[PDB]
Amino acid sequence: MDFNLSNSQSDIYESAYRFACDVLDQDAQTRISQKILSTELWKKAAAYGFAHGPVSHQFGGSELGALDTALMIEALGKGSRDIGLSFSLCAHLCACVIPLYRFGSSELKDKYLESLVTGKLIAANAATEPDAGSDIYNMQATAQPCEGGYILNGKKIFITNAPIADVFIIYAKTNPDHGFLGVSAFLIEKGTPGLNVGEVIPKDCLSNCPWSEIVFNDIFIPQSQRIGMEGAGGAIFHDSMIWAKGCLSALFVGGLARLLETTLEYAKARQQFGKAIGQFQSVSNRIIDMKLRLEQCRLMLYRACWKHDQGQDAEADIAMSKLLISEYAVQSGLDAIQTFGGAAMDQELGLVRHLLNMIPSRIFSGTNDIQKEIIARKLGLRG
């Protein structure tokens, strides 16, 4: 039992924080105002190491474990206000780079993986459908086996990075009779006949992180573009959501650390009634709640990632971390706004935008109600 970072871990965090502050955060307000996702900046960040994660040196990575990857992303969330860009990068890493690395064939990794790792190609993961969100293994898209490969049809929605992606990791039923065990995963390229990527659909939360729908009309998928084995798509999707929960969520821990620093500074500076507003217990009690949340959920995340790195069963720990971080990020966003009063309603300060950016953390990679179903199953309450 130990709560210090190794020198190696500290260096990873500090180097990422410096990049996030000095490269990504510079000029972020202009990009955020204009709803710009800078693909040139995105590619620099990817190549710096944010698209690497556990990927081996053979494909351009540094073979980080889950805790190291989480530290890097925590630093990114603390260091850069441009959380839409950070979310876009972490989605590419966790839902696309990592499943290709972990399950792709030698031939598929050789063709595509280093390009994803260095950010030469942007990827999007397409699983959700209009009738399959929480009930994801009810997806209706079909990849019907044929000579040479598969015929793919269906519609995917809410796809992060679809308007900017070069390749798509897509999940579809190769055996529509089944649920989880009837799903396969495939890699398809932008431009393939029958792939119709929709125009970006605007949103107020994560507003510069583009998403859209994609429609498959009789796409031919060559056999070699299946990722992993036939019918293993459910297991692949599952494994990628573990990395998305476990490591992508670190982004919101680092955002909460930055939020707490800003809020503490204001509560010491702002005077009313002849003293700093932090001297009133109504004010200081809320800030203490923010601090208690940050310390608790960061330890939960660190232990979940550490257990993964030890080869222990970390599924319940990662669901617990994702649930706590996202709830705490939203509640603390509200508490920061309440500390600032009327001065919160100020687009240069970013507190309201911060709350908007935290709202979807309770939804993606599985809603918090679904995390509770996962935890309930691990506790033996779904027997």
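We number the residues from 1 along the sequence you see.
- For the pair 242-250 and 261-269, the mean Cα B-factor is higher in 242-250.
- Two stretches are in play, 305-313 and 274-282, and the higher mean C-alpha B-factor belongs to 305-313.
- Which of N125, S105, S212, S207 has the largest Cα B-factor in the deposited entry comes down to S105.
- The top Cα temperature factor in the record, among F186, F158, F237, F216, falls on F237.
- For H52, the recorded CA temperature factor ranks within the highest third of the chain's modelled residues.
- Ranked by C-alpha B-factor against the other modelled residues of its chain, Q144 falls in the highest third.
- Ranked by C-alpha B-factor against the other modelled residues of its chain, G84 falls in the lowest third.
- Annotation for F59: C-alpha temperature factor in the highest third relative to the rest of the modelled chain, per the entry.
- Per-chain ranking of the deposited C-alpha B factor places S38 in the middle third.
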